[PDB]
Structure formats: structure tokens, C-alpha cells
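The next block holds one structure in the form of C-alpha cells; read it before the comments.
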Amino acid sequence: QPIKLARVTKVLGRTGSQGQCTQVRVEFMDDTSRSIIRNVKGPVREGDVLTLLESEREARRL
Amino acid sequence: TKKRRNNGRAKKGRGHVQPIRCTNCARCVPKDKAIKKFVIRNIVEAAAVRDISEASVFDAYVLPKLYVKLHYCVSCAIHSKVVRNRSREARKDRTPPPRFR
Amino acid sequence: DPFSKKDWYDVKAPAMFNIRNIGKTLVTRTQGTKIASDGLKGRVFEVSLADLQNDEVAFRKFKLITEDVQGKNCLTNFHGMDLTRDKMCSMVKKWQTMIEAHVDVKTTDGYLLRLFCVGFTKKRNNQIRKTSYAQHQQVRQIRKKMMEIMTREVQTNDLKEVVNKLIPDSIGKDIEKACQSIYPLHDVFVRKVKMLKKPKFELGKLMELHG
Amino acid sequence: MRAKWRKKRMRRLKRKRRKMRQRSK
Amino acid sequence: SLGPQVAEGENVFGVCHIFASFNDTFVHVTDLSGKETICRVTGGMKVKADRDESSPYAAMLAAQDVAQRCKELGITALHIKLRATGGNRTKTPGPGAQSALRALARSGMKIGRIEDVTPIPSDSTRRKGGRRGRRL
Amino acid sequence: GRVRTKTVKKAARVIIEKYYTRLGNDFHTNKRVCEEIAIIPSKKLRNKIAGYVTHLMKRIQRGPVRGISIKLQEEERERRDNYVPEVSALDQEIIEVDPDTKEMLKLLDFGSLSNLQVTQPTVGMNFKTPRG
Amino acid sequence: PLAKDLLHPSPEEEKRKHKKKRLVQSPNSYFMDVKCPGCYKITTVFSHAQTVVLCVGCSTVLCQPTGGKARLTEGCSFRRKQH
RNA sequence: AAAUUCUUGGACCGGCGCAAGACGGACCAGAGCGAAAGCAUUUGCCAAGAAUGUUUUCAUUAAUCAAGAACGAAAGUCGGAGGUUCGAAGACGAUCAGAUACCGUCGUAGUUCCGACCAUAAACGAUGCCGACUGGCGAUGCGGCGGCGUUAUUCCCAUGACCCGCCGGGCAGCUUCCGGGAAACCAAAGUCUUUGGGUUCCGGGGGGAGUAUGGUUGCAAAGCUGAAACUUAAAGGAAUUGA
Ligand SMILES: [Mg+2]
Ligand SMILES: [Mg+2]
Ligand SMILES: [Mg+2]
Ligand SMILES: [Mg+2]
Ligand SMILES: [Mg+2]
Ligand SMILES: [Mg+2]
Ligand SMILES: [Mg+2]
Ligand SMILES: [Mg+2]
Ligand SMILES: [Mg+2]
Ligand SMILES: [Mg+2]
Ligand SMILES: [Mg+2]
Ligand SMILES: [Mg+2]
Ligand SMILES: [Mg+2]
Ligand SMILES: [Mg+2]
Ligand SMILES: [Mg+2]
Ligand SMILES: [Mg+2]
Ligand SMILES: [Zn+2]
């Protein structure tokens, strides 16, 4: 089970019961065709790289 | 005071309509009074259609739908926000909310 | 691991279809009393028509039951017809009339069948009103027309020919053509074909169904 | 106390009264 | 255990019956007839607490195990028969249906036809619960 | 939150039409205009008025502003409003006439005009929107 | 309208009125002469015949009753009469 | 969230069959019928029914109705049959300060059919029946009438399916400075100090109380009829502003 890394395409909004986690959609540089939505904890810019321990589950939109 | 002209239902010349069962809980609701919802969705969400399509053994495979009709009591409709309270003037109109998306 | 003592058998459709291979099946090999043949004698396969015909509709399915095993080759026969739930649930929409009918009929050979059929009243291109319903007496004479037709393309011939008629919608088409003079109805199909009784099995007959 | 339960209680009381009167009649 | 003896160039087809209930998920691959079970992994045997038996994560884990065992037996493609509880009770597929089927498409399997086999009744017996329903 | 209060907006909307010829395009020159042409109790309020006037001018260039009537722009409406063509749009050597109005004319003393033309009425009364 | 004349309606709006709601009652039915294509005599038939009328001599049948006006058999010419 | 519960003596899941008893989804609507209660798979039989059509018949035969009569959901009662599901009572597991409850597992009577009782529901349109008059507009259901035009029979008359109208009953809808009303609202709850078309029932501040007692009906539960002593300045309706 390898580990994937991807770049965010845009910031969708601030979610969580207390507004501490952000939903963004990530775009793999390994494959320029597949994009998914993920929650991310912490301040996130546009274009940075997220280290995905596992890249199989998709975060529901808010 | 009488809140609604039709008393929350669509019975006008019958005197008895058969009851049904809600889908959230098993409440017995008259068929005319219940809140019908006829949902039509794909088997797979829009986030998974490409994954399935790339795996299909056919070519240009149509995606099947899934038709199911939901029945709701008043209490379960308010709690699930399918309907909500409106102002007294706004209660009278009965066209459904916009179908733009 | 039980799967080590399991071998694979090919399944062949009757000659009346274009494509011959349905797929493959498993069975525990003959060991003492348990014969590998008797385990494969009652298998029923739900195969869509688009799989059997080279190019046809994908919303019609056929039940094929294995009849004999001639050695690594299972031999199937027609058992029932079925219409997919996706299409069936899509034809039923509000502001129109559902008409249903069923008949019990025996072909020339001793095959007894139930044939369920469905049809829906069609709205005019010119129509302004919304309801598009039919009177009760119009519904009655459509379905008695709908029973009296379906019984004539089945009792006049054998099992081979009725399935040939089932591959297209010929039974449904004739019902459409006849009933338009009473109330024009559009989505007409033979919804389901249940088979009630088989004749006593004769291996010679089966080998004609498979060439 | 809603009228339903009030009349249920009244029915129980009347039943006991009737039984006690038939005890003496 | 080796699988079918056949030359390449064609798929060999099984069928998986997915039972995406609200309490766990059944991923159950069989042959065409449905008579022979090949691999049945349930979403509840991949978690330590029974609150998560229906979790989409468990459905993803269950399908991956089924697909890997399916590769061993030689089956390459599957037909899908999605199913909710149905019958008298609720008829909407549970949360695990989406994730269980997505995993099979990402584990190397080939998806055939998709059909819904939830058992709708013409009308069933009286449903669990009072006339006032399940109130809480 | 840089929202102009009505005091700043009203003075700009009054200054601008009275001195549209003097007020220009840059902020620093018309900052000097406002200081003498109107008494401003404070510098910080003068800068906000002059800044909004600068923003207002750019809007005026593209099209008329509904709030302000610049003396040069309504005088352009008069030539847009007093325009008349040379040949009447109501003069036609042939006109499309349905038969029934020709009977409506026939009941009048106008039994046959010179430049009438009978047109076939539509077949099929398809004029109601479908119900649904 | 207020000053609508109730004494004098035009025949256009008086024909559409209900038979009992006219200014003075008048039936909508009539009599007519029905001649078969075969024979030569002409029979008098009520418009709403309400019975199966056949020409004497047992030649053919003339009209078939319905829920309203009677319908005449194919080929039978009719002309209504007044008085 | 769990637990009681089933489970290598193979549960759940998949296929193939068999048996039983309930139930008639989707079509199904502010649509239909019925005096109300109520009524939805196919087909056959029997009796009834409104509305429409009518230059048919009799000629006042009618409307409302004390006493009296028939029907009357569910629950309940009595005898037979059957008992799939659900499920008062009851047992258990949770929750809780307690939980004789809400939640979960099982589960008796009942829920089903037949034959007799019972006569009560927010049995509601919280609105007696008959008759007359007083604004519109667009639909819908049934019957009839008329009319450009499309489509099926096919082989054209005529029939069905659409379209545009009129007439009569029907369930309703929108709008209004008709008018009324305490207002909410009502085309009836209008035509009322400008008060009278006909007629039945029924109310007289809040409790005590639909109680006691007498009578009567019922197998029983209970149904109908139905006070007083005493106590009390309010109880209540519609709408407004805050909280
Ligand atoms: Mg209230
Ligand atoms: Mg009722
Ligand atoms: Mg309970
Ligand atoms: Mg609640
Ligand atoms: Mg049905
Ligand atoms: Mg009486
Ligand atoms: Mg009862
Ligand atoms: Mg009972
Ligand atoms: Mg009993
Ligand atoms: Mg307890
Ligand atoms: Mg319980
Ligand atoms: Mg139970
Ligand atoms: Mg009462
Ligand atoms: Mg009342
Ligand atoms: Mg008075
Ligand atoms: Mg009093
Ligand atoms: Zn509910």
C-alpha cells in the first residue's frame, strides 16, 4: 500500500463542529486526471502539496 | 383559530382515505396528508461515475437509476427539513420551490 | 480449501440465440454419492438479452436453466422471461393509466406459461390537458383485447417459436397496433413470462434446441 | 389531568360504587 | 484453487450481491447461477466496534479483501446486484453501498451490469412499531 | 469596511453637477478644487468627498448615472427624444390582414381599402400552453 | 352591466340558454322526414327517437337510439320540418 | 452507545423448491361513488343508483319532522374456524436519582373469516334540511349539443384519442370595498334595529357534573333520560406588543 501526495486546486470552505478543518479538493501530480475532496487540518494555501497516508476515502461536501 | 383552509390534507369529498406508514419511523399517516418525495438518483454518486466507467467491460454503458418514493409524517418532515414553517401570507401558495438545480 | 476439489463447467445457450457462451460454473467433483452432474441440473441463469443477442435491448432478461451435462458442457433451456426493474420502474409515471393483464396458455407441446403484460396510455403531442386517463370500460376492452391477442401467438406453436417472438417485442407491438383505436397506448411490453409445468423430459428434443 | 383520564377515573369509581351497592341490595 | 482453465482474451464473470443495510454491509461474490459462494466478507468483521459495521470504511475494507480473494480464484469481472433491506422495511441502500462498489472498481475488477434487487412487496404485513411510530 | 456614509455621498452628489466642468479625473487636483469651492470642516472628510467624486467621474464616462444629472448629458437626451424619421414606420404599400377583420372593416364603411391583403388564418387552435 | 335589457335578447344568446331557462320555454328537439334509399314512403321520426324505429314493410331499420339525439342508419336522408 | 437474542449442533448471506395466513404498493390526484360509517388486483353473476337526454305518463301526490324504525369506524362481548405479521397485558436488556415509560428482544388477548351483540369517536365542514336571489376567472368529473383541424379502423359513413366552445347537476380552486362579522375569516357564516320564505333540534356565567338517585336497554363493559346542596368574579373567544 503506497502513499500518495497531491496538490490542492481550490479552498471550498471551513467545516467542522468548531470551524477547525477545511475542505479542499486535491489533484494528484502522479495522475492529472483524478481529483477528490478531502478535509485538511491547519492553514492551507492554494497549490501546496498534501501528504495523503491513504487516498481512497472521499470527504462529503458541506 | 383554524390555521389552514384545507385541514392540512387533500380530503375534500371522501370522508376516509386509507393510511400509510412513514419511512423514517413507522407512524400511520393518511395518504393525502403525507408528504410524498419521489427521488430519482444514480446508483453511484457523481464522484464515482468515472471510476465505474473506466472499469466497465462494455463501451458507452448507460448508468442505471434508482427510483424510490418516500412518505413522511409532519413531525419527520420538520425534523428532516424537507419542509419548514412559513409566514402566514406565504403559507397559501403551493407551487414547489424552484427546479433550477 | 474446498475450492481445490472444484472443477469448472462451460454453459451453452440454445441455438435460437446468436451468442453461445454464457459463462462458467463451479461444482464439487464426483465423490461417492454426490455426483457432479446432479448439482448442475437445476442451475438457473439470469442473462440479459443484450448479452445473448449481438445487438439488442439491454432491459430484457431471460432465465436459462441447465437441463443436461454432456461432459464439461452444461445444456440450458428456456425457463422464464423477465423485465429489468430499472426500466419497469421508469415506465410508471403519474397522470396516466396503467393497464395489466395475464393469461394461462399451453403451447402445442406440453408447456404451460403465465404471460404478464403492461401498457400505459399515451398523451397527444397536441394535448393540452394534464390527466390523460381512460374510462373503466375502455380499460376493460383494451385488456380483453390484450388477453385475446397474446393467447394466439403462443397456443398455435411450440416453445421454440414463442421465444423467437419474445426476442423482439412482436407480442407487445401487435397489442399496440390493435388497441390504438380504443385508446392509444405507448409503452407496451410483455412484463414477465412464468413457466408453470414442463413436459416429461426427452433428451432427443433438447439436442434439437442446441443444434 | 385530561378529560380522557378524568372520565376513566370516574368510570372506575362508578364501578366500585355499583359493586358496593349490589353487595348490600 | 488455481481457477478456470481458459486462454486469455476474455473475461470470466461472477456476481457480487451487495447488501448495504444500515447495520453492516455484505459483499458476497458468487458464480452466474448464485448457487456457489466464492467469497463472502462482511463489513462487520473488519472493525472492533459494532457501531462501525455499516461504516463506508468497513465496506471499502470488505470489498478489497473480496477482490483479492476473487483474483486468486481467477474471476476477472463482476455483475452488480445492489440491494437494500427492502421488503416491509426501508428501501434505501445504506451508506456502505457507494464505498463497497467503488473499491471493486479500483482493485482491478471489471464492472459488468448494475441492477437493483431490493425486494419491494406488492403489499407486505403490518410494519414493526406502534400506530404512533418509533418516537424518541 | 470602507463604506461611504450618506454625508460623504450627498456632498459628492451635489458638488459634481454644479462643477462638472471643473472636476476632473485625478484625486489630488480635485482635492484642491473642493477645499475652496465648498467649506469642509476637516481634512479627513475633505479627502473622502474628493475621493468619491473621483470614483464618480469614471462611472459618468461610460454611461449616465441615475442619481446625478450632469448638464451635458440630459441635453443629449433631447436629440435622442426629438428624433423623427423621414418615412413613417406606419406607411406600408401592403399590410398583412386576417379575413375576419376584413369583415370587421366590411361592417364599417371601409369595405375595401386599397392596400389590404388577405392572409389565411391558422389551422388548428393551438394557442393554449400545455398543462402540467 | 347594469342596464341589460331582459325583455329583448338576440337569438344568438337565447339559443344557448337552457331549455327551461329561456324567456319562454321551447324544446330543442324536432321532427323530420326520413326516407330509406330502398322504398319510396317518407316517415316522420322524432329527433330523440328513444326507440328503434323501422320502416313498415320490414324493409330496413331507420334509427338507433343513443343518450341524446338518435342516429340514423347509413344512407337515410332526413329533412326537418316546421309549422 | 450497548445488552437480553441466534450462532462450527453451521447462524446471517446466495440459489432452488414447498406450506400457510395476512395485504392489494407504484398508477393514486385537494379525482370518483355512497345517507353516514366507508369503498382500490382479474373475471363472472345478481339487485340497485345519481346525473344527463326526453313535444312520454299521473296531476299536487309535497318540505321539515315528537313517538317509532334501518345502517353505524375502532375498541370491546358471546359461540365456531384459522392463527403469517404486528401487538394491549406480561417477562427481560438498556436509560435514569428512580423508569411499573419513551428505546431494544420475546410475547398472551386481539388483529383474519363466519354467525349473533354493543351504538359509541376531533362519527369535523367543529357549520341541520328544502326553496329563491346577489360579482367575476381558469380548470376538473359525468351526460348532451355544435364546430377549423390532427390520428386509429381502412374501405368511407360512423365510431374512439386530441383541439375550440355552450348547456345541466358534482367535488373544489383563485380574486373582489357585494355584504356580513369580535376578528380570524366566509360568495356564504351575504340579502339582520331597513329585524318575519318553511320547518326540526339545541344553548343561557365557571364549577359541583354528565355526578347522585329513579327509570329503561345490554351477557358484560356500558348506552339513553338526568338534578340538588354547595362553591366561585370571573372562566372563555379573536387579534396586538413584549418575553
Ligand atoms: Mg394552535
Ligand atoms: Mg371519518
Ligand atoms: Mg411498545
Ligand atoms: Mg421530536
Ligand atoms: Mg394495484
Ligand atoms: Mg328519534
Ligand atoms: Mg366494529
Ligand atoms: Mg373486535
Ligand atoms: Mg373469539
Ligand atoms: Mg425494565
Ligand atoms: Mg416494547
Ligand atoms: Mg415481534
Ligand atoms: Mg355524541
Ligand atoms: Mg358539531
Ligand atoms: Mg333578528
Ligand atoms: Mg351553565
Ligand atoms: Zn414518521
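Only the coordinates and a few stated rules stand behind these numbers; no lab work does. We place every Cβ from the backbone using ideal geometry, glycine too, and count neighbours over all the protein chains shown.
Before moving on, here are some points about what is shown:
- Single match in E:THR125, E:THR76 (criterion: within 13 Å of RNA strand H (Cβ to nearest atom) and either out of contact with any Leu (no Cβ under 7 Å at 6 or more places or on another chain) or hydrophobic (A, V, I, L, M, F, W, C) (or both)): E:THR125
- Considering only residues in region C:59-94 that are β-branched (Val, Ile, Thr) and either more than 16 Å from E:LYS81 (Cα to Cα) or more than 9 Å from every other protein chain (Cβ to nearest Cβ) (or both), the one that is nearest to the chain's Cα centre (by Cα) turns out to be C:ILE65.
- Taken together, G:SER59, G:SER10 contain a single residue that is closer than 15 Å to G:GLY75 by Cβ and small (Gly, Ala, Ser), which is G:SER59.
- All told, A:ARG57 meets the bar of being touching a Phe, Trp or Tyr at 6+ places or on another chain (Cβ under 8 Å) and either within 14 Å of chain B (Cβ to nearest Cβ) or closer than 24 Å to E:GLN98 by Cα (or both).
- Selection status of E:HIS79, touching a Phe, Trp or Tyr at 6+ places or on another chain (Cβ under 9 Å) and away from chain B (no Cβ under 12 Å): no
- Residue within region E:85-96 that is crowded, with 23+ Cβ neighbours inside 10 Å, among the hydroxyl-bearing types (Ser, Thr, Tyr) and out of contact with any strand residue (DSSP E or B) (no Cβ under 7 Å at 6 or more places or on another chain) present: no
- Residue list for region C:23-69, filter: among the basic types (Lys, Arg), outside any loop (DSSP other than H, G, I, E, B) and surrounded by fewer than 20 Cβ atoms within 10 Å (Cβ to Cβ): C:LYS34, C:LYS63
- Filtered residue count, region F:1-10, keeping only those that are closer than 20 Å to F:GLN61 by Cα and either among the small types (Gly, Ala, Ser) or touching a strand residue (DSSP E or B) at 6+ places or on another chain (Cβ under 9 Å) (or both): 0
- Qualifying positions in region E:1-29 - within 14 Å of another protein chain (Cβ to nearest Cβ), surrounded by fewer than 20 Cβ atoms within 10 Å (Cβ to Cβ) and within 11 Å of RNA strand H (Cβ to nearest atom): E:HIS17, E:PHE22
- As for region E:83-94, it holds no residue that is within 14 Å of chain B (Cβ to nearest Cβ), closer than 30 Å to B:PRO30 by Cα, of a type in the set (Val, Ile, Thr) and touching a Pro at 6+ places or on another chain (Cβ under 8 Å).
- Selection of strands (runs of 3 or more DSSP E) fully inside region B:1-100 by the criterion of at least 1 residues being away from every other protein chain (no Cβ under 12 Å) returns B:28-30, B:35-42.
- Hits in region B:62-82 - residues which are more than 13 Å from ligand 17 (Cβ to nearest atom) and either touching a residue at least 12 places away in the same chain (Cβ under 8 Å) or not β-branched (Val, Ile, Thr) (or both): B:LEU63, B:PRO64, B:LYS65, B:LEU66, B:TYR67, B:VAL68, B:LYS69, B:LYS81
To keep it simple, each residue is scored yes or no on (1) of a type outside the set (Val, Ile, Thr); (2) free of Cβ contacts under 8 Å to residues at least 40 places away in the same chain; (3) more than 16 Å from RNA strand H (Cβ to nearest atom).
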| site | (1), (2), (3) |
| --- | --- |
| B:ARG5 | yes, yes, no |
| B:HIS16 | yes, yes, no |
| B:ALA46 | yes, yes, yes |
| B:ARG84 | yes, yes, yes |
| B:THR95 | no, yes, no |
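- E:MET60 passes every criterion in (1) within 13 Å of chain B (Cβ to nearest Cβ); (2) of a type outside the set (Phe, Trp, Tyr); (3) farther than 13 Å from E:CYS16 by Cβ; (4) in a loop (DSSP other than H, G, I, E, B) apart from (4).
- Elements of the type helices (runs of 4 or more DSSP H) sitting completely within region F:14-117 and holding at least 3 residues that are out of contact with any strand residue (DSSP E or B) (no Cβ under 8 Å at 6 or more places or on another chain) and hydrophobic (A, V, I, L, M, F, W, C): these cover F:27-37, F:43-62, F:99-107.
- If you filter region C:19-56 down to residues that are touching a helix residue (DSSP H, G or I) at 6+ places or on another chain (Cβ under 7 Å) and of a type outside the set (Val, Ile, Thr), you find that the one that is farthest from C:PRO168 (Cα to Cα) is C:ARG29.
- F:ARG66 more than 16 Å from RNA strand H (Cβ to nearest atom), loosely packed, with under 10 Cβ neighbours inside 10 Å and basic (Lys, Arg): yes
- Scanning region G:40-83 for residues that are touching a strand residue (DSSP E or B) at 6+ places or on another chain (Cβ under 8 Å) and among the charged types (D, E, K, R) returns G:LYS41, G:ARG71, G:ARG79, G:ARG80, G:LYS81.
- When residues of region C:1-22 are limited to those that are farther than 18 Å from C:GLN70 by Cα and at the interface with chain E (Cβ under 8 Å from one of its Cβ atoms), the one surrounded by the fewest Cβ atoms within 10 Å (Cβ to Cβ): C:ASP1
- Looking across region C:92-123, the residues that are touching a residue at least 24 places away in the same chain (Cβ under 8 Å), farther than 30 Å from C:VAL162 by Cα and near RNA strand H (Cβ under 6 Å from one of its atoms) come down to C:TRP95, C:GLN96.
Results for (1) within 7 Å of chain B (Cβ to nearest Cβ); (2) outside any loop (DSSP other than H, G, I, E, B); (3) among the acidic types (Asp, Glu); (4) more than 16 Å from ligand 17 (Cβ to nearest atom), shown as yes or no for each residue.
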position	(1), (2), (3), (4)
E:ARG102	yes, yes, no, yes
E:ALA105	yes, yes, no, yes
E:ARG113	no, yes, no, yes
E:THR118	no, no, no, yes
E:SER122	no, no, no, yes
E:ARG126	no, no, no, no
E:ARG134	yes, no, no, no
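- Assessment of region B:28-35 against the conditions (in contact with a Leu (Cβ under 9 Å, 6 or more places away or on another chain) and within 16 Å of ligand 17 (Cβ to nearest atom)) yields at least one matching residue.
- Residue count for region E:30-53 under the criterion of being part of a loop (DSSP other than H, G, I, E, B), within 14 Å of chain C (Cβ to nearest Cβ) and surrounded by fewer than 16 Cβ atoms within 10 Å (Cβ to Cβ): the result is 1.
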